[PDB]
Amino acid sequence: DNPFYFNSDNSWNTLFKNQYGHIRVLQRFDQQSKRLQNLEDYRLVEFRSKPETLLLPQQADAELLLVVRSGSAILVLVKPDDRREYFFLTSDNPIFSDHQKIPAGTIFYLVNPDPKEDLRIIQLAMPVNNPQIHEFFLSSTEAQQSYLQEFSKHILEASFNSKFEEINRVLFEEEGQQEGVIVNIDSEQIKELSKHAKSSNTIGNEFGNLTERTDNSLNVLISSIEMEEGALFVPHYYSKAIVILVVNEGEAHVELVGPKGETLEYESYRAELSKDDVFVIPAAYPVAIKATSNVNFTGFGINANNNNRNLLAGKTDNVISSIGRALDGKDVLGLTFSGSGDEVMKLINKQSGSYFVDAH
C-alpha cells in the first residue's frame, strides 16, 4: 500500500455522465490515510464535455479554483444584484488565461465554444459546511429535479404569486425538459457570447518544462509540467507546499522518499503513473519523476506562499553545492558524505543540466 498514490480505477466517483460529457469527484484524502489528514479540507473535481455544449446553472457550497487543462471555455458568473461577469478560458494561447476562482455559492454556467476540441477541466474545491462537496442545480431535467421543487406547493404559489399549475407548467413540466445537465447548444447563439467574453514563468529545456503561478489570496500554487519520453525530473523537494499531482496525458515513473511508516529510517514509495492518476507529495519529501512516455501534468500546491524549490542535482537551485559554498562548507560536506569536500563538489559538478535531465 503506497498511501500517496490514487489509482484512477478507484479514486474518482461519477457524479454525472451522458453522451455530451461527465463530472467526477476524487475521494477524501484523509479517508485513504490519516497521514494525509492535513488534506481533509480539500477535494478534486474533474469535468469533460464534447464541442458546443452548455453546463446548466448551479451553485456549490465550496470555493473552486477552475483550471482548463485542454480546450477553451466561456464562463459566466451571475450576481444576485443584477451584475454578470464573463471570462474566456483557453489552456494554451498566451492571450487568455487558463484558470479562474469562483466564490462559494456563486451561480455559474459553462460553455465549450469550439466545434472540434473537447473542454477538459480540473478544479481544486474547498467545501464550506463540512468536507463533502454539494452542487445545487437550478435546472429541472430528466436526470435531476430542480431544488425549487422541494418546497411546499403553497409556499411556491405565495412566493411567485401564481397557481401551482401555472408555475409548474412554465418551470417543471416533464415535457420540454432537457435530458441532463450537459446540454448541446447551437452554433448561432454562442458567437454573440464568445465575442463579448473575449473582449474581457517557465523553467525547462530540451527534455521538460515547468510553469508555476501563485495566488497570494488563496495561498495556492498552480503548475504545468511537460516532459518528453525518457526525460527525468531530478531529485528535489518543495519546502512548504503540499503538492497534488494529476496526469493529463502520458505515463511516468515516480519515486518518493518518505518516513518508514518517528525515526531516522526511510523507505521509498515508487509508483507508475498514468492518465487521471493523482499522486500526493508532502511538504519537504524528496521526489524524482521520469517520463515513461511523453507526459504532462497539472498540480496544485497548497501552503504555497514563500515556498522554495530545492534541487539535489544539476547546475540550477542545487542545495548541496550551496552547502559546499558556505563559509567553512567543504569541511561540512566531507563530514556529511564519505568522500572529501573536494571529491563531492567534483561529482556535484559533472552534471551540466538543470531540472530536467535525460535518463536513458
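Note that residue numbering begins at 1 and tracks the sequence as displayed.
> What number of deposited residues lacks coordinates in the span between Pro115 and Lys116: none, 1 to 3, 4 to 9, or 10 or more?
Unresolved stretch here: none.
> Counting only residues that lack coordinates, how big is the gap in the deposited sequence between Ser200 and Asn201? Pick none, 1 to 3, 4 to 9 or 10 or more.
Count of unmodelled residues in between: 4 to 9.
> Compare the mean C-alpha B-factor of 52-60 with that of 319-327 as given in the PDB entry, and name the stretch with the higher value.
Of 319-327 and 52-60, the stretch with the higher C-alpha B-factor average is 52-60.
> Please compare 175-183 with 231-239 and name the stretch with the higher mean C-alpha B-factor in the deposited structure.
Looking at the record's C-alpha B-factors, the answer is 175-183.
> Say you rank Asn129, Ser162, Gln100, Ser146 by Cα B-factor from the PDB entry; which sits at the top?
The C-alpha B-factor peaks, among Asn129, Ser162, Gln100, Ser146, at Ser162.
> Could you check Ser72, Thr106, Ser139, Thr214 and tell me which one carries the biggest Cα B-factor in the deposited entry?
The record points to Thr214.
> Taking the C-alpha B-factors as the PDB entry records them, is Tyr269 in the lowest, middle or highest third of its chain?
Middle third, going by the recorded CA B-factors of the chain.
> Taking the values exactly as deposited, rank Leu89 by C-alpha B-factor within its chain and report the matching third: lowest, middle or highest.
For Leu89, whose C-alpha B-factor we compare with every modelled residue in the chain, the answer is the highest third.
> Considering only modelled residues of the same chain, in which third does the CA B-factor of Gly258 rank: lowest, middle or highest?
Middle third by C-alpha B-factor.
> Select lowest, middle or highest to describe the third in which the CA B-factor of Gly204 falls within its chain in this entry.
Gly204: CA B-factor falls in the highest third of its chain.
> By its CA B factor, does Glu166 count among the lowest, middle or highest third of the modelled residues in the chain?
As the PDB entry reports it, the C-alpha B-factor of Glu166 lands in the highest third of its chain.
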